[PDB]
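First comes one chain, alone, set out as structure tokens in the form deposited in one PDB entry.
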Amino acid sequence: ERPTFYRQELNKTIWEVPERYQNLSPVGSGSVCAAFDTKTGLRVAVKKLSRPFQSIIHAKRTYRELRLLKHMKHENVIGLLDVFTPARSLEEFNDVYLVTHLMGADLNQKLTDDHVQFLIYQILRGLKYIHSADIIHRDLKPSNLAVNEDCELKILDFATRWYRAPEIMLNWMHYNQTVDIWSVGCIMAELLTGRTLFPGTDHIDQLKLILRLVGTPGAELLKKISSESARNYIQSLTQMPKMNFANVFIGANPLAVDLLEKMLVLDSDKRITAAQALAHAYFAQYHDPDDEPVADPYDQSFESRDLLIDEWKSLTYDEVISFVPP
């Protein structure tokens, strides 16, 4: 059966939610309220989408977000606890609310090596799963990594470009999933040193900092560059050698440094993958190959479709109705 809702007034909006969700307090601005799910005993975030069907693009984005959240079923990836609408029918369907775990903190005095191992391990475990679904995150950074008290980590979907892969800043397109491994390297570096690895003031400054660490592109990488203007600029640069990372990450676990060398490679084809990284000896204490699950195939065929608002809205409604809680 359908739950009983109650109506409230906060975030300048009316919130109509099932009564299981109690003591809503605004937390951010769609807008989010913290709540207590009386059914499960969990603290949750309830997000009321703003303007979900205002236009074709908003409607497709709303669908996109719901299909994504519904697919993600992994300990280290945010998942969907509930989705609801106060609407009794498609004709009434105007609002969408998404319920997830309420996380206390994000990753944004030094962490111990054991602790850095555990955090990066969980990132990589989550990323193996996301990548197995043929999804690329593209914006992994400390504000998209939630942690609880137990140091248990989840990757979030959610201006900083300090963790962005160099190919993205050069507008490459054709991105590999290993864009996300570059970002993991930057995050890991900062957990080890307590400072931003590549704190650029603009994208050129950032690229300059990257090249100083990893060196200018070698002939092997140049062979794969089709952009004539890019090639021309690159070969005009003073040749800089790759720094030895041990002399940059002083005192870090040698295994950490080794792993960083494998993540922070300019050529995206030569970067370690998430699945490979989980088997690296830095993670020996956490790695369990029978407990690093992969995702069912994720149908992103809708991305190639151009539909009407009402069609995206009906598809979304179908997804609300068919939701089954975890």
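In case it trips you up, residue 1 is the first one in the sequence shown, and so on. Take the two forms, find the largest set of C-alpha atoms that superpose within 1.5 Å, and that set is the rigid core.
The entry models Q235 and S236 with no unmodelled deposited residue separating them. According to the entry, the stretch of the deposited sequence that connects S29 to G30 contains 1 to 3 residues lacking coordinates, which leaves a short gap in the model.
Note on 51-59 vs 30-38: mean CA B-factor is higher in 30-38. Look at the mean CA B-factor for 165-173 and for 129-137 in the entry; the higher one is 165-173. Each of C151, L211, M72, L156 has a CA temperature factor in the record; the biggest one is found at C151.
When the modelled residues of the chain are ordered by their C-alpha B factor, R231 lands in the middle third. In the deposited entry, the Cα temperature factor of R305 sits in the middle third of values across the chain's modelled residues. Per the PDB record, residue ranking by Cα B-factor puts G185 in the lowest third of the chain.
In the PDB entry, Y21 places in the middle third of its chain by CA B-factor. For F84, the recorded CA B-factor ranks within the middle third of the chain. Only modelled residues enter the ranking.
If you look for the form solved in complex with a small molecule, you will not find it shown, but the lines that follow are about it.
Using a 4.5 angstroms threshold between heavy atoms, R61 counts as touching the small molecule in the deposited bound form.
Contact check for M72: a heavy atom falls within 4.5 Å of the small molecule in the deposited bound form. The closest non-hydrogen atom of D157 lies within 4.5 Å of the small molecule in the deposited bound form. In the deposited bound form, the small molecule stays beyond 4.5 Å of every heavy atom belonging to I272. Contact with the small molecule in the deposited bound form holds for all three of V32, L68 and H137, each having a heavy atom within 4.5 Å. Taking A45, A295, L278, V257 one by one, only a single residue has any non-hydrogen atom within 4.5 Å of the small molecule in the deposited bound form, and it is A45.
Only one of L213, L197, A252, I78 comes within 4.5 Å of the small molecule in the deposited bound form through a heavy atom, and that residue is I78. Taking the core as reference between the shown form and the other one, the lone member of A246, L207, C151, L237 whose Cα moves by 2 Å or more is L237.
The Cα shift for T196 between the shown form and the other one, taken after rigid core superposition, is smaller than 2 angstroms.
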